[PDB]
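I have placed the structure first, in the form of structure tokens, so that the comments after it can refer back to it.
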Amino acid sequence: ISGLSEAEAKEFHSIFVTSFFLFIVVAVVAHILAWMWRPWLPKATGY
Amino acid sequence: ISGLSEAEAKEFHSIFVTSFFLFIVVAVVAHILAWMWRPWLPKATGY
Amino acid sequence: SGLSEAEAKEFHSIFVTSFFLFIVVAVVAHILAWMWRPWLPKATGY
Amino acid sequence: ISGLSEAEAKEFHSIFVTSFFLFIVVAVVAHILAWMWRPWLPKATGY
Amino acid sequence: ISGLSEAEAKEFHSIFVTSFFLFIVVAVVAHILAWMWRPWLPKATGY
Amino acid sequence: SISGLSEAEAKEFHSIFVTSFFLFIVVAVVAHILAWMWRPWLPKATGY
Amino acid sequence: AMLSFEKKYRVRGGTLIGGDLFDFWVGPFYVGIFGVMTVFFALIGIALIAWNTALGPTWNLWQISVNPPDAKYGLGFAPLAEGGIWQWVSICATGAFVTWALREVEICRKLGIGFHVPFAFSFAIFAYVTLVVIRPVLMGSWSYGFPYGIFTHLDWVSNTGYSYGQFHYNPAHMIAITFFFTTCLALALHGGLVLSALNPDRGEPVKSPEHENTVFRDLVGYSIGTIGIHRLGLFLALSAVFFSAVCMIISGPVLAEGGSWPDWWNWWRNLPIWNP
Amino acid sequence: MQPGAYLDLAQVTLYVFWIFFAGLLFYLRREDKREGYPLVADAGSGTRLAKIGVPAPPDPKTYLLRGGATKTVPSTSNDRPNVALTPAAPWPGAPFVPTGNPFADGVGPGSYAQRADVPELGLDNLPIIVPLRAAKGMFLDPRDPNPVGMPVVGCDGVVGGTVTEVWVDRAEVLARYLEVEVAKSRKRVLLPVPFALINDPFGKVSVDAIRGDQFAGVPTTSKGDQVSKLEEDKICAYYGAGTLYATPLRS
Amino acid sequence: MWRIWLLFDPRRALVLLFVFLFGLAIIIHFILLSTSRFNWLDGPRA
Amino acid sequence: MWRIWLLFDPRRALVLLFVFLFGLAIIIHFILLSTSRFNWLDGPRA
Amino acid sequence: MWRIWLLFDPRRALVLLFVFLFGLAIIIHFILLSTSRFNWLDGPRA
Amino acid sequence: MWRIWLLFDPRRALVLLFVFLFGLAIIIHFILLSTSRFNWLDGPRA
Amino acid sequence: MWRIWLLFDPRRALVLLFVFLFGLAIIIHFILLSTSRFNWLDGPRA
Amino acid sequence: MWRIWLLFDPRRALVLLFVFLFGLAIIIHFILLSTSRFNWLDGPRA
Amino acid sequence: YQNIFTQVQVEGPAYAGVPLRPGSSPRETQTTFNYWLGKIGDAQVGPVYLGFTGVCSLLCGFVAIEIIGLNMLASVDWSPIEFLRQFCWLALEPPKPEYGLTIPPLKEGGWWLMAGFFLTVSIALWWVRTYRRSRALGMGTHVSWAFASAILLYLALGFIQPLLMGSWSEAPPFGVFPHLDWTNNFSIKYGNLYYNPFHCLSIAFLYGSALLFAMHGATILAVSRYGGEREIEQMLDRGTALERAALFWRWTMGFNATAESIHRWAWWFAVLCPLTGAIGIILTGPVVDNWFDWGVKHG
């Protein structure tokens, strides 16, 4: 058990999930840009 | 035995199962998509 | 040393029952593996 | 509890954010200057 | 209040900023002189 | 992190330290003047 | 004569064989039956070495060499002037080492202490036996034992190492070297720590095991303690020797003689993770 | 010497090392002689002049202890020179035979040194070997078995007593002695941990050095919550005597 | 309930599971990236 | 869902998460840098 | 019903068994990949 | 967001943050200096 | 600004800063001195 | 500036300063003596 | 029973350690207990005092390690796959012979030179740390002077012999298998290192340190039942344990040490291994260039 009660547990978890989601969405726009620069996943013969 | 009890492991194992199952289902979705990109397991003649 | 006694007996009772199911899933895997490619050829070949 | 107050955390956080932001603006000026010296992200054929 | 007073904090910070700024000025002069000796940042075809 | 006396040694220690540092710097400056008269450094981009 | 405190311990009994016939001391040395046997074997061996040298070209101490039999004799007894002296010196040496370990066992029993020292010596005995008996037998001829010469057994080590490409790439050999270097490190650390506590800085009292624990912590990160250090030292030396013996067993019986230890490592470079 | 000469820097350096190393071996063998000297000449030897050896023992060395005290080695008072032993034969090198009871005499594997009759004080000037009832803050770490309560049994299978308390070393957290309430005389004796198999083979802790009744004769500590170095040697020596002299008729 | 958690504290029997899953995913991605067919970066050789 | 942090110390869990994420980002960036197609410095080869 | 785990602490023995099983599965998979007939990636050579 | 400092002592957090940022900056400068295009000293090759 | 000293020890931060600055200065001087263009002692090679 | 001597121990500051200065002087003299233009013993090469 | 493991392990408070002289800083406060450490030895894992010299030592050492690793990554085109594949074969190679003792280009030994400089500074700072940690507790500095011998061998390998040969190219690379190959090629290039007499002496002292530490560990474990592991107390006040140990070795080989002089034997054997090693390395090339020829000239 960690030295944390229930209240800070949930509110910490809320901050965790929200910042996790902001990180995901900025990573997603990063991937959109990267794909516009160079698409990956070629066909069986190449690009 | 280490320093825990059945108070937590009664449903800690439950949430572990739910998370492991979410992992498995998203993984099989990933495998389906990968198969659509390229199938594996050819036949001795080749692909 | 090790641990207590009833601890040890339940350790065996769970160890063997997991080992058995592991062999079961291994066997069901080898079946369709052989379906894909049969191994163990003859001196002739495959 | 980090052995630290709560409004004191407000203060440290404000100073941390302003430092972080001045850092990022210096870095953005730096990258504009570097791109003007030499661009990256070439075309699939090269530069 | 980990270690220092609050007036000593202001005094140390004042001396620190003055010394840091003097260091930065000396370094800037050194870099102007160094550029006058050898420019860096060549063109993509060399110097 | 106070460590040692205060202006009972710090000021006289600083006086001695500054005068010693200054003697060192002066000797070094003379040494470098003599070294530049012996061999200049900082050549042109093509050498000496 | 005896140490000023020794008389308490020079009691009868504790031998393995012979009863009280050999239960006595000669000066410092306890004799026992195995002491007589050890001196017998050592002296027969030294006299055979001297005779082999008398048959040889030189008396130069560095160039003296008792050479093993030719490979034509395989695992059989060779004539005395064509390698048999090597076999008999080997038998005398293994006899001497074994009876020495047994005499140490007798001394342990007489003093009432554990048998850690004869047990640890048995590891060096085992490494020697691996070198002169186990490995040449597995490889089929006594010609694979090393010659008993101060600088010819170095030539044997050189030729044996270079016959497998570069012997450095022998993995058990790398483990053995790691253990030896760690044993030397730990011996220096332990000796210096005890000498620091016993002989402190000027004006200081003799320090306690607590200071030793503190400084050992500050150096290695944690503490093993006064019994842990001696355990770790015994283990490090014994595992160094054991992995040397393994190293030698796997090169020639397992990896072919003209093999390559550098090339054996390609199994890692050729894994499908990164090979193609 | 010169490039063509037979003498060269490598072998000169080697001979310098040989000289240094002979000197170092002499110095080390000399340091080795700080205890146990002069030698005690045996039967048929003139005892007028001392026997020392070719590196003579050095001058006595003086160590400074914490409380300003001072210890000079060799520790000649620890020797116990004259003991209850008689030569098994008149010739030199003959072993000795214990005239009395080697458990009480302290001879052979049962010998001890005349150590100082005072406990080790460690660092805070307190005895380091203390019962757990006297070292608050420490605990047996139930990860391992607990010796207390287990009745201790001899080597011939006779129960000797019951384990009452575990004595531990402070600042080196380690169990050194088990206190044993002897069978039926209401007496507590120490038992060194290395001389005991505290594993609960069947139900108990077993000591194979002495037999069950001999636990009455273990030398008892004068205080109750501290043990001196002298009592430490006496107890470990009483238990070591059994390695040669007990053999409790287990044939 | 499953008492493998009782033998194995989840505070350590879950970080090891995760380091192992990460190692496995890395190994599989490396294998695929080393093949010529399943490479998705500079994909097909020859 | 949220019950995790009752078992994992955030002072340590978050540090391990950040070290792991930085390491993964470095690994992926280096893999791209080693390819000929996705190299954004010096661009393609040959 | 067999009860004998008193010499090997089941945690250490079990973790070593699992790492062995994983290593073994890895070895077998890599051997199969190394072959030409049983290579489910990149297919059969030549 | 300020609550990040309620469990991370700013001393350790900030010192390891500085160490990590400097390490990343060093790594990026080294990578650029290894390439021939972004080598601001010695210029491009050939 | 000035409050960065209410939590950081000046005696510690200042000596670490001086060590860091000297190490960075040494590294930069060495890198310049290894290049042929910015060598100020036997300046250009070849 | 004398206030620095309230922060630094003059004794250890002075020993560090001396060791540092001697090391720097040794480094610079070695660098100059290894080059050709500034080798004052035997002078330039060739 | 024998003392290879502890049957019953007691556990108590964490020890802060001996208070230091008024010349250090407050140490760490980790002080955790590992069970297996206490199984083989003591269990505490702190608190590690890390002062100025320790922190600068770690900083310089990690600068050197970063340089080495970034060079090994660059030499493989930054591929982490190829880095894991080729790791034991990668190395930051020493400068080229054409550069002598100058500062070569970064990709031709400049990076090697900088990593070697920073590793040497790290090692000297760690030596200073050992010295201060001993003399801040009032102890002797025997550990520091044992460390100085390893440092002398390391300097001879990387600095002194390359100096006397006039080329940084003589020095080892920073890599596992490549530095093994350097060792091999060093023996091959300079005759045969088996005929270097100081190499023979270094091997004698390494074998002797292994032998001696086996002997000493086995001896202390054999008399641990009599309190033999408390070596300082057995030296200050000789007990029956050290008497039995001395008598074992005196009856075995005719001579014995004391509780303190055995550790002088240990210290000196372990120290003479790298001392004779450093001498034999400094002699190899500046003085003798073919060791087999020298051996033939003598024997």
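Labels for the chains are A, B, C, D, E, F, G, H, I, J, K, L, M, N and O, by order of writing; each one numbers its residues from 1.
The rule is short, and it goes like this: a residue touches a chain if its C-beta (ideal position, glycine included) is under 8 Å from a C-beta of that chain, and two chains touch if they have at least 3 such contacts.
J.: Report which of D-J and F-N is connected by more C-beta pairs in contact.
T.: Between the two chain pairs, F-N has more contacting C-beta pairs.
J.: Sharing over half of the contact pairs with A-I by residue number is what counts; pick that pair out of D-J, D-L or B-J.
T.: Looking at which residue pairs coincide with A-I, the repeat is D-J.
J.: Just how far, in Å, is the C-alpha centre of subunit O from the one of subunit H?
T.: Distance between chain centres, rounded to whole Å: 33 Å.
J.: When the C-alpha atoms of subunit D and subunit H are each averaged to a single point, how far apart are the two points in Å?
T.: That pair's centroid distance is 68 Å.
J.: Would you mind pulling out the distance in Å between where the CA atoms of subunit J average out and where those of subunit K do?
T.: Taking the mean C-alpha position of each chain, the two centres sit 28 Å apart.
J.: Where the CA atoms of subunit E average out and where those of subunit M average out, how many Å apart are those spots?
T.: Spacing between the chain centres: roughly 11 Å.
J.: Of all the residues in subunit A, which ones touch at least 2 other chains?
T.: Residues 12, 37-38, 40-41, 44, 47.
J.: Give me the residues of subunit N that touch two or more other chains.
T.: Residues 1, 3, 7-8, 31, 35, 37-38.
J.: Residues touching two or more other chains, restricted to subunit H: which are they?
T.: Each of 35-36, 63, 65, 78, 111, 113, 123, 144-145, 171-172, 174, 199, 240 in subunit H touches at least two other chains.
J.: For the complex, which residues does subunit D have touching subunit M?
T.: Touch list, subunit D to subunit M: 11-12, 15.
J.: Of all residues in subunit O, which touch subunit N in the complex?
T.: Going by the criterion above, the answer is residues 23, 100-103.
J.: Taking the complex as given, what residues does subunit B use to touch subunit K?
T.: Its residues touching subunit K are 40-42, 44, 46-47.
J.: Note which residues of subunit L are touching subunit E in the complex, please.
T.: 11, 37, 40-41, 43-44
J.: Using the touch rule from the top, collect the residues of subunit K that touch subunit C in their complex.
T.: 1-10, 14, 37-38, 40
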